[PDB]
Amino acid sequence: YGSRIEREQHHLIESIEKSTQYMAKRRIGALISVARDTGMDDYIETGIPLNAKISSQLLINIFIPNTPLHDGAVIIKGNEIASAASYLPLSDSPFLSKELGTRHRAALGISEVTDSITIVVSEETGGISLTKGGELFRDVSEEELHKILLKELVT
């Protein structure tokens, strides 16, 4: 019961790590929000429902540019990719650097009103960023991404 969950959470982390590394190298923009205690059903409803098993391959295929599923956020809920091409609210923060794009503003926006963990791949730089509780972790290393995902997603 609780042991099966740990396997699922590590698979989720690995799937995020592999897919964002693939997308970062190719400068494919991506926006992946993982729901936690705060429901995100209201934003899942804005996307295209997938209700799919989590995998690095499916995450990569979702974000391929100019495809039906890429234009918005993936939302992960429990052990599923719930929706793709979903809306996330844009932060009104003037503290967010003007160098960062809409993906970053939307990740910051959802992090201000939920406890989700949101991962961004920049299509401009390939840098990977994370938002949590209204804060931005900009351009994190693979080691840093791993430690944060471990701390925040393995419970």
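C-alpha atoms forming the largest set that superposes within 1.5 Å between two forms make up the rigid core. Start at 1 and count along the sequence shown; that's the residue number.
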Overlaying the structures in 8 other deposited structures of this protein on the rigid core, point out which of 37-45 and 24-32 has the bigger RMS C-alpha shift. 37-45
With reference to the PDB entry, specify whether the mean Cα temperature factor is higher for 84-92 or for 22-30. 22-30
Could you check which stretch, 144-152 or 1-9, carries the larger mean CA temperature factor in the entry? 1-9
Per the deposited entry, the peak Cα B-factor within the set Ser55, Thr38, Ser111, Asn61 goes to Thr38
Per the deposited B-factor column, the C-alpha that peaks among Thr118, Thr46, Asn51, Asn66 belongs to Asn66
Lowest, middle or highest third: where is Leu130 by C-alpha B factor in its chain? middle
